[PDB]
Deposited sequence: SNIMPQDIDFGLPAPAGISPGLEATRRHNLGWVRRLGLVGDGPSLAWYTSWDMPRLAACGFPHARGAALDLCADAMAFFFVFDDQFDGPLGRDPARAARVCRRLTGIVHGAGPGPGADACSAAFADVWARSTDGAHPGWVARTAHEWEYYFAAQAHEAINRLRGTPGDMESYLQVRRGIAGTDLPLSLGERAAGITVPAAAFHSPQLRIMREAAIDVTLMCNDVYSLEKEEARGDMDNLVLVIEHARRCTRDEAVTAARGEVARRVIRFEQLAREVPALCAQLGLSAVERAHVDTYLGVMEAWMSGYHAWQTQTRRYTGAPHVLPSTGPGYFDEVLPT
């Protein structure tokens, strides 16, 4: 059981309570969350604590954006736990609508709640951001939206992919590097490109994102398996290795542990790398904060998922015999 699994990872943002108030008003104003069942269900996820634990460097309005972005991810995600997630062409068309917002085509007044919420998050994200950050993060959003239809293809196939194909789909649908781009933005830093593209930081970024989605795969397996989801590390290992469920969970834990070890080995090289690049003291401080942002995403996501009611509650309040939401908020 998830309660008997810990992964071996290493504060919390002071704005948690203020962000809880803002975010509750925001999801209602945008129409992303309604009244009654959806609202109590949304509240039980505790999106503010995810923001405050996953992005502890964020303060004030920056933490508000983190929580609102998380709200969009989770509400949008669940819209595919139903007929949409078994209809790849329809999923691709819906996600093309969202992608158009990324690249400039504003949704306009009266658009659906998911389009309006995304447009608000994206506008707030890019306001005052460095153009290199905007370009990279725009392509990250594109991958996230485009990957959803491939998860639907895999559901229809009914077998897990091999490891390489699992990673290609799962890294996309998990939000790719978007949590780290968000944490960088919310911390108010800009990583110098020379450091960002070092082999060390590129490997570390990929490792941190893998760690969180794999930790999620383990804890979210119960609600996903009954829905015919196929892009879950435990199912991929079990199918590839012809092993028991316990053997597959053990191997999944090992995939997380080796990535944490790699991350921490490379982190020790970062001061020396900054010196070899001749970065300024301010730049080195921003790189140090970027390291903390990655570390806190890994440790803080796990801290959140052990206390949330999303994964223990989903099989009971939204059983697999019906859709995985109370209200359709995404027109298809």
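Student: I have the full deposited sequence and the modelled structure. Can you tell me which residue ranges, counted from 1, have no C-alpha coordinates?
Tutor: Unmodelled stretches, in sequence order: 1-3, 14-16.
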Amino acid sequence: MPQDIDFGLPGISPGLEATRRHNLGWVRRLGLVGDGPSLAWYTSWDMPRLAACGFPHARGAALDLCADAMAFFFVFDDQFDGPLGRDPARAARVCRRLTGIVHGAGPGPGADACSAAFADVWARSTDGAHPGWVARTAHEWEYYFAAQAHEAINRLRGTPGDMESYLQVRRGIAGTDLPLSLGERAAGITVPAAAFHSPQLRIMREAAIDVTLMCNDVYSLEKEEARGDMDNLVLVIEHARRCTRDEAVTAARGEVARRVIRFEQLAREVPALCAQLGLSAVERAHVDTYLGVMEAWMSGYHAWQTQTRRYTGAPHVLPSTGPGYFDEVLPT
From here on, numbers count along this sequence of modelled residues.
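Student: For the stretches 213-221 and 145-153, which has the higher mean C-alpha B-factor as given in the deposited record?
Tutor: Per the PDB entry, the higher value belongs to 213-221.
Student: Could you check the entry and say whether 298-306 or 36-44 has the higher mean CA B-factor?
Tutor: If you average the C-alpha B-factors of 298-306 and of 36-44, the larger mean comes out for 36-44.
Student: From the list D246, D120, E206, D229, select the residue with the highest C-alpha B factor recorded in the entry.
Tutor: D246 has the highest C-alpha B-factor of those listed.
Student: According to the deposited entry, which of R171, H139, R90, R242 has the largest Cα B-factor?
Tutor: Among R171, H139, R90, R242, the PDB entry lists the largest C-alpha B-factor for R242.
Student: Ranking the modelled residues of this chain by C-alpha B-factor as given in the entry, is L201 in the lowest, middle or highest third?
Tutor: Bottom third by C-alpha B-factor.
Student: Which third of the chain does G158 land in by C-alpha B-factor: lowest, middle or highest?
Tutor: It belongs to the lowest third of the chain when residues are ordered by C-alpha B-factor.
Student: Taking the values exactly as deposited, rank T250 by C-alpha B-factor within its chain and report the matching third: lowest, middle or highest.
Tutor: Highest third, going by the recorded CA B-factors of the chain.
Student: Split the chain's modelled residues into thirds by Cα B-factor; is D81 in the lowest, middle or highest one?
Tutor: Tercile = middle for this residue's CA B-factor.
Student: Considering only modelled residues of the same chain, in which third does the CA B-factor of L30 rank: lowest, middle or highest?
Tutor: As the PDB entry reports it, the C-alpha B-factor of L30 lands in the highest third of its chain.
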